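Trainee: When you line the sequence shown up against the deposited numbering, it's residues 2281 to 2345, in that order. Just so it is clear, CB atoms sit at the ideal spot from N, CA and C, and this is done for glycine as well.
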Amino acid sequence: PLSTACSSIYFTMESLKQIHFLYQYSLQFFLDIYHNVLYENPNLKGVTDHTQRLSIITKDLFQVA
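1. Buried or exposed: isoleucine 2337, going by 16 or more other Cβ atoms within 10 Å of its Cβ?
2. Would you mind reading off the limits of the alpha helix (DSSP H) that contains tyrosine 2290?
3. My guess is that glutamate 2294 and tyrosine 2305 are in contact by the Cβ rule of under 8 Å, so how many angstroms apart are they, rounded?
4. Which residues in the same chain have their Cβ closer than 8 Å to the Cβ of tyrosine 2290, if we skip the five residues on either side of it in sequence?
5. If I measure Cβ to Cβ from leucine 2341 and keep anything under 6 Å in the same chain, skipping five residues before and after, which residues do I get?
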């Protein structure tokens, strides 16, 4: 489910260029977003239960993106 949501966000982000010419986003930028959510996450620190970590990861992905 997280991977599906991640793909949806990136493609929505890519198609966002239609409403304004300025919004030109590359794949590397979205990869940086996803890796920041994945690696450098304050909320993930101190949590070992995987379900809670995935909930934190998806919420933080939405917010950080």
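Mentor: Answer, in terms of the structure:
1. Result: buried.
2. Start and end: 2282 to 2295.
3. So it is a contact: roughly 7 Å between Cβ atoms.
4. Hits under 8 Å: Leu2307, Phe2310.
5. Excluding residues within five positions, the ones whose Cβ falls inside 6 Å are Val2317.
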